[PDB]
Amino acid sequence: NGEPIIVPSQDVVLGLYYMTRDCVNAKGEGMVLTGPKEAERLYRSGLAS
Amino acid sequence: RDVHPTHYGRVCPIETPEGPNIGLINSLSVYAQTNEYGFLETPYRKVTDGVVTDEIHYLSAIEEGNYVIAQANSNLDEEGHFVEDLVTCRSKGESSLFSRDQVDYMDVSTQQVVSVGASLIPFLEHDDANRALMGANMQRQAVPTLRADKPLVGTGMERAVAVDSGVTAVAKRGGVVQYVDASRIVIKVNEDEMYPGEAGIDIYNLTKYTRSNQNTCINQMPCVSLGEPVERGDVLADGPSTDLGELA
Amino acid sequence: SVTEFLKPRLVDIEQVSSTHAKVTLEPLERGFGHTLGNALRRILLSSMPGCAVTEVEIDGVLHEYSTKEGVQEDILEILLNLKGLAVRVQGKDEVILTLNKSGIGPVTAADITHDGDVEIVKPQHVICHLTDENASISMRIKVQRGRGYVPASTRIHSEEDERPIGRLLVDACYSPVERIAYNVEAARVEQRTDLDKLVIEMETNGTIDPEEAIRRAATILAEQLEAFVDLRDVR
Amino acid sequence: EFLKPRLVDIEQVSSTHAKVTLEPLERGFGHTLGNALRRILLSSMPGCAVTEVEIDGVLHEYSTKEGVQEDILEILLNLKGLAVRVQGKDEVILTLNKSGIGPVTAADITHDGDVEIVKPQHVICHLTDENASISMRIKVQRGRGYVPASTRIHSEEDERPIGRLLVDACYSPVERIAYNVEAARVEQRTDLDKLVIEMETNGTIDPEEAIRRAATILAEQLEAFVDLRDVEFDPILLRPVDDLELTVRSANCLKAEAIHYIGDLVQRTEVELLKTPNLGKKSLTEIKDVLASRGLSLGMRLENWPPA
Amino acid sequence: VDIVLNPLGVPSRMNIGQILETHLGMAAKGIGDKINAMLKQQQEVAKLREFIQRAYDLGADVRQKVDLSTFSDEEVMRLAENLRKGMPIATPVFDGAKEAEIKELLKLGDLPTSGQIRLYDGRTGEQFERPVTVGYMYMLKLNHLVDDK
Amino acid sequence: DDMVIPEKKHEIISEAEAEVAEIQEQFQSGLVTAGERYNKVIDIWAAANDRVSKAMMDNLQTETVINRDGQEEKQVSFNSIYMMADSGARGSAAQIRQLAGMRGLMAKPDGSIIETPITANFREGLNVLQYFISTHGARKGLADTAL
Amino acid sequence: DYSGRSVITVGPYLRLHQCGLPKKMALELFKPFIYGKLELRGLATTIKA
RNA sequence: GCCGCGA
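Following this line, the structure appears as structure tokens:
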């Protein structure tokens, strides 16, 4: 059919889906950050969710 | 290769081979026996008036199709009467709801439909039928390990399976144990029961590491230490994959 | 044998530009790669000395939401640009700088008033694009040396809202580590097969060499163990 | 500008359970130090464990001894759990002999020079008849990690007599370790962290010595970061050519064709060396004959040729 | 933990017995751990007998009439020493323990009612965001080994 | 606990039972033929299955009622099983229904449908009759795949 | 021939073009190549060695 | 060839 047969499934789909979700209230609301590097920094440091 | 509605108390609906032989090979249920002529019978409890008595009749396929058979998961009272005036039942290859006075027979136990292999699966009713079949098939492929370990959660059929398989050593007329060794057990029989003349003692020679049919190991280790009072039917030595007379 | 452990030798450093580095170490004992990587990452990310801007003062309206007097860029973007500004202060805990522009043209980091004791690493860093046209902009920044990352949770200084408006709660990133990542892969030496190899990819905001950052993190972690290695020392 | 963690208020619950405390710690260093120390202590802690045994009449692990209540495999599994502490030695032989009725524990092991049994109530077998005795020799070695008996082959360099029972070795005293962090009682400082580490071992090693060893291991591992910087073999070949016992006429020929090593002559196909002046068909067959005597047929293909 | 299993196998295969057995085995091992801890301090036999009696009578109209009053003191000691690993309960096939009974058993052994505990990563030391159902499951080593494949 | 049970479930189930009783009384009055009552009981049981599945899905989808900076709000739940089904990593809505909602009308002795469906999910237990009923479909599907 | 067969497990560290092969399965499927390399580098002069 | 088993 032309659709990509190599596609992530199972844990990987759960890995991304949990990563790209939003919560109404969490650690950090309306914070303005300069780049995606800072998002990783805050997530790893435990200062953001 | 389908499950006929008459396979209730005679042939297991779960345990059967998967690929080529599905439905062509079956396992006898726990209580299923053979009639005089050769047909499968299953036990049931008689129902007189509204009280379920303890007397038991073995019903075959032809006989059980006429009476109305109650359900094992039917609550009872102190005197044996049904708590509810309405009870689920099977009349003729079906399932309906009848009054307490129309019940003819009662299912003896909840295990009646399930064979030996599927009886050791705890919370079987919470598992899918095909996955339960897979688990029952796979339980028979496990190999005995160095040390038997009891299941922390079981179904109570481990003791029956272990004792009735002949894999262990059961004291025929044991009294008090006299001598325990890693390969011998010598028991002095009690004086209450004895064969007149020549007295006598019981000697059991345990089978040590011995090749099985599947090239696995068969070993027996004693459970009694010394001077332990042993009754008739007690377990002395546990075979491969068995802990204190319990299947493991 | 006992009390003798594998030490990494012939390390590899793949420097990229002047702020990105990939330090490779091999071989390490099974499980030591994760320990070293996690400890170094946590120290480099959570507690390192550094200097970053903390307070801002813009002439005009001091509210959190402002019209920005028509400066072509919202003051939120100005704060974001100031957040990424990196400085090197010399012998002061705190220092105040001022910048003033008149005349159309983008503003840069080199355009702050010259202070001989404060060094700007990236002079062309853009903060805004001037007050649209034929107008002026004045910004007084205050930068203090700190440790790690302190988010603008609250001011808790001076009285009432004087300190909050004097600082505007600009987020501070003291630790000069823009990103730190560690990976453990499988490596073998002689007959042994289960060995760990460590890859440390670090990007720095500047003002410090990435290998210097690794050196500082390792030195502070090692000096944190003097009380246990002092008496139990080979030399 | 950082406070240094001092090992204070180390307390011992039981002969195995122990608690150690590091009072002064900064904000984020508590979890880092705790996790690093836990990984180091669980991974590699030097200790002593049983390596092999020798029973008198026992021939292999799957055998049985008359009078004992347990299989020899069960005896090996019991002896695997024996915990001892040695001083100045690494190959201590713990001979034990006893006769009678009842269990045999580590208490009846012969009192060696410098060997301490942490618990003497650790039973290893039973005797079920008066006139039977057990007598065995246990070798206890010092090691670091889990070394299975099968994977070690160096023990087979000297042939072991039939009767040496090789058991697996763990060498790790630290069975369990957990860590926790709390707020320090220091009031002059704004806030400080205190780390409490609970260790459950087999009693072989002191908790304080454990913490010191783990810290030293971590420090020596970190030392590699403090200064980054860094920014033709066969003996038959390589033999003098004047060893094949060749004729005089070939000696001048071989010198003329710059053939001084045996291996070079091997790498020549039969067709090519015919063009060499006055090679000689019969002489060539002699060259092939002597080379065939050494088993090196002409026409091989090597990769590299060192001058030596 | 000893074994790590993928949750994804449960919702698609409908093996809810997996989760129920793990929770109930966790409860049984918690009871065993309580008994082992009480045996460690060598307390009086009376209180250990009382705890065993209280644990055995737990349930909702269970047809088990095991009583330690008619049980010998040495027999009580031996029984408590035998099940120090865990209380080996038995749930029959189609009439087994309900969720309420499992939860009250968990409450008895000083364990979380939901059956999930906070788990920390062994390598990074960071707690996982969601609680993980840690239990005790009976695993079997089948006769399909790669030494023969 | 990840299989949240709709608390209205039994209610509608009871309602279904009542309706069944009524049609039985109608069949006792003789004005309804066997085929009519059979089709009607299958239809009402299917409607009950649909509504119980819908109620369970409504309960389980936006389960998280979390507060905001002001008052309280609601959002998509972080239920692990719901996250498994919604993300598409593993499972589907029908398996969700069999886990939490009623199992549904099922039968395959000859392709027909039994009048009384399985009203118990896998989170709760199944009677001997319900398991023996589901075994028909299980064996039929396994044999179909095998051949 | 030149054919092996074994049970497959999962490797999450592998690249898309890589697969883990047992070194015991290897040294058998690649025996002629090993013979050729041994003869080429002078380690073994004859095939028997 | 039968018998049992794995995907």
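Residue numbers (this note's numbering), protein chains in the order written: chain A, 1 to 49; chain B, 50 to 297; chain C, 298 to 532; chain D, 533 to 840; chain E, 841 to 989; chain F, 990 to 1136; chain G, 1137 to 1185. A virtual CB, placed ideally from N, CA and C, is assigned to each residue, including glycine.
Residues that DSSP places opposite residue i in a beta bridge
i            : result
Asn836/D     : Beta-bridge pairing links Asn836/D to no other residue.
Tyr93/B      : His106/B and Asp156/B
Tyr479/C     : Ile497/C
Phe172/B     : None, per the DSSP bridge assignment.
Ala469/C     : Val447/C
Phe1169/G    : Beta-bridge pairing links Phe1169/G to no other residue.
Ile666/D     : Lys630/D
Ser78/B      : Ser164/B
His130/B     : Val100/B
residue 25/B : Examination of residue 25/B is not possible in this model, given that chain B is present from 50 through 297 alone.
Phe147/B     : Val136/B
Classification of residue i by the beta-carbon crowding that lies within 10 angstroms, buried from 16 upward
i         : result
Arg41/A   : buried
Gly962/E  : exposed
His331/C  : buried
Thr300/C  : exposed
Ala1162/G : exposed
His1153/G : exposed
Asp913/E  : exposed
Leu806/D  : exposed
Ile685/D  : exposed
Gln190/B  : exposed
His863/E  : buried
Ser9/A    : exposed
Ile768/D  : exposed
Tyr1071/F : buried
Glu38/A   : buried
Interface residues of chain B facing residue i [CB-CB closer than 7 Å]
i        : result
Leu860/E : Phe172 and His175
For residue i, the nearest candidate out of the options (CA to CA)
i        : options                                   : result
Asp901/E : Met854/E, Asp935/E and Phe891/E           : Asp935/E
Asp371/C : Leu382/C, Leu427/C and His411/C           : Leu427/C
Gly328/C : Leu569/D, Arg559/D, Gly599/D and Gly560/D : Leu569/D
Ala110/B : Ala297/B, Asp103/B and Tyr93/B            : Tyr93/B
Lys612/D : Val699/D, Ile572/D and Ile641/D           : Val699/D
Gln369/C : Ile424/C, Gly334/C and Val353/C           : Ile424/C
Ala895/E : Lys947/E, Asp913/E, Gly975/E and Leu848/E : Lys947/E
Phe534/D : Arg476/C, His454/C and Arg444/C           : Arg444/C
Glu996/F : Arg1040/F, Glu1014/F and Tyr1027/F        : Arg1040/F
Contact list for residue i against chain D, beta-carbon separation under 7 Å
i        : result
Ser232/B : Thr596
Within chain E, the residues that residue i reaches when beta carbons sit closer than 9 Å
i         : result
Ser1142/G : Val986 and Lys989
Within chain F, the residues that residue i reaches when beta carbons sit closer than 7 Å
i        : result
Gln263/B : None at all; the shortest Cβ gap to chain F is about 25 Å.
Beta-carbon neighbours of residue i, restricted to chain D and to distances below 9 Å
i         : result
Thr1145/G : Those do not exist, as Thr1145/G stays about 21 Å from chain D at its closest Cβ, beyond 9 Å.
Beta-carbon neighbours of residue i, restricted to chain A and to distances below 9 Å
i         : result
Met1072/F : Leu14, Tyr17, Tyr18 and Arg21
Partners in chain B for residue i, counting only beta-carbon separations shorter than 8 Å
i         : result
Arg1079/F : None at all; the shortest Cβ gap to chain B is about 15 Å.
Under 8 Å by beta carbon: chain F residues contacting residue i
i       : result
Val24/A : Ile1055, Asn1056, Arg1057, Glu1062 and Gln1064
Partner residues on chain A for residue i, Cβ-Cβ distance less than 8 Å
i        : result
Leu307/C : Going along chain A, no residue has its Cβ under 8 Å from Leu307/C, so there is no contact; the nearest lies around 30 Å.
Count the C-beta pairs between the segment 395-402 of chain C and the segment 452-461 of chain C that are closer than 8 Å, then say yes if the count reaches three, no if not. Contact between the segment 395-402 of chain C and the segment 452-461 of chain C is absent, because fewer than three Cβ pairs lie under 8 Å.
Do the segment 731-738 of chain D and the segment 696-707 of chain D meet, that is, are 3 or more Cβ pairs less than 8 Å apart? Per the Cβ contact rule, the segment 731-738 of chain D is in contact with the segment 696-707 of chain D (3 or more Cβ pairs under 8 Å).
Closer than 8 Å is the cut-off here; do at least three beta carbon pairs connect the segment 1156-1168 of chain G with the segment 751-767 of chain D? With a cut-off of 8 Å on Cβ pairs, the segment 1156-1168 of chain G is not in contact with the segment 751-767 of chain D, counting fewer than three such pairs.
May I ask you to verify whether the segment 575-584 of chain D touches the segment 717-731 of chain D, counting CB pairs closer than 8 Å and requiring at least 3? With a cut-off of 8 Å on Cβ pairs, the segment 575-584 of chain D is not in contact with the segment 717-731 of chain D, counting fewer than three such pairs.
The segment 18-38 of chain A / the segment 1054-1070 of chain F touching (three or more Cβ pairs under 8 Å): Flag = yes, the segment 18-38 of chain A and the segment 1054-1070 of chain F touch.
Using 8 Å as the threshold, is the segment 1062-1080 of chain F in touch with the segment 1045-1053 of chain F, meaning 3 or more CB pairs across them? The segment 1062-1080 of chain F vs the segment 1045-1053 of chain F: in contact.
Just checking, does the segment 608-623 of chain D make contact with the segment 663-673 of chain D on the three C-beta pairs under 8 Å criterion? Result yes; three or more Cβ-Cβ pairs closer than 8 Å.
Counting pairs of beta carbons, one from the segment 172-180 of chain B and one from the segment 254-266 of chain B, are three or more of them closer than 8 Å? The segment 172-180 of chain B vs the segment 254-266 of chain B: no contact.
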